[PDB]
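*Asks:* Using the entry's author numbering, the letters of the sequence shown correspond one by one to residues 1 to 35, 37 to 58, 60 to 80.
Ideal placement from N, C-alpha and C gives every residue a C-beta, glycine not left out.
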Amino acid sequence: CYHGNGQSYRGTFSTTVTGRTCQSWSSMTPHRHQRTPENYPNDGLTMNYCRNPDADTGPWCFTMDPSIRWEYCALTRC
Ligand SMILES: O=S(=O)(Nc1cnn(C2CCNCC2)c1)c1cc(Cl)ccc1F
Ligand SMILES: [Cl-]
């Protein structure tokens, strides 16, 4: 589980609520985005792990589905 809004989550879960797979933060495929570990070196944007780097309300990720830019991950708040 994650604490609070999930900003501090550093777990290795990488699956969305609909069962889709998280895109890697450093990847621009399928989604070209700017929430990269280059840009945000201190938000734990490792591999494709679920993260909340932008003060959303739970960890999320860009998805490997070109039609769905991002989703929340299948995680619960502690
Ligand atoms: O690369 S992104 O982070 N893409 C993006 C679009 N929606 N989201 C949501 C992710 C979950 N938290 C709410 C924003 C992220 C992004 C952020 C901003 Cl401020 C502007 C453009 C942009 F491309
Ligand atoms: Cl946490």
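(1) Leaving out five residues before and five after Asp67 in sequence, what residues of the same chain have Cβ atoms less than 7 Å from its Cβ?
(2) What are the boundary residues of the beta strand (DSSP E) that includes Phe64?
(3) Among the residues of its own chain, which have a CB less than 8 Å from the CB of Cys1, if the five just before and after it don't count?
(4) Using the beta-carbon of each residue, find all residues closer than 5 Å to any heavy atom of ligand 2 and list them in chain order.
(5) Excluding sequence positions up to five away, which residues of its chain have a Cβ less than 7 Å from the Cβ of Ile70?
(6) Does DSSP classify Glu39 as helix, strand or coil?
(7) Pull up the distance between the alpha-carbon of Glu73 and that of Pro42, whole angstroms please.
*Replies:* With the given structure in hand:
(1) Indexing the sequence shown from 1 puts residue 67 at position 65. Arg20.
(2) Along the sequence shown, one-based indexing puts residue 64 at 62. For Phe64, the enclosing beta strand (DSSP E) starts and ends at 62-64.
(3) Within the sequence shown, residue 1 is the residue found at index 1, counting from 1. Only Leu77, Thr78, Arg79, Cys80 meet the Cβ criterion.
(4) With 5 Å as the limit, the residues whose C-beta approaches a heavy atom of ligand 2 more closely than that are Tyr2, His3, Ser8, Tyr9, in chain order.
(5) If you number the sequence shown from 1, residue 70 lands on position 68. So the qualifying residues of the chain are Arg20.
(6) What you label residue 39 is simply residue 38 of the sequence shown in a count that begins at 1. Note: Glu39 maps to coil in three-state DSSP.
(7) Within the sequence shown, the letter at position 71 stands for residue 73. Within the sequence shown, the letter at position 41 stands for residue 42. In a straight line, the C-alpha of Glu73 is about 21 Å away from that of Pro42.
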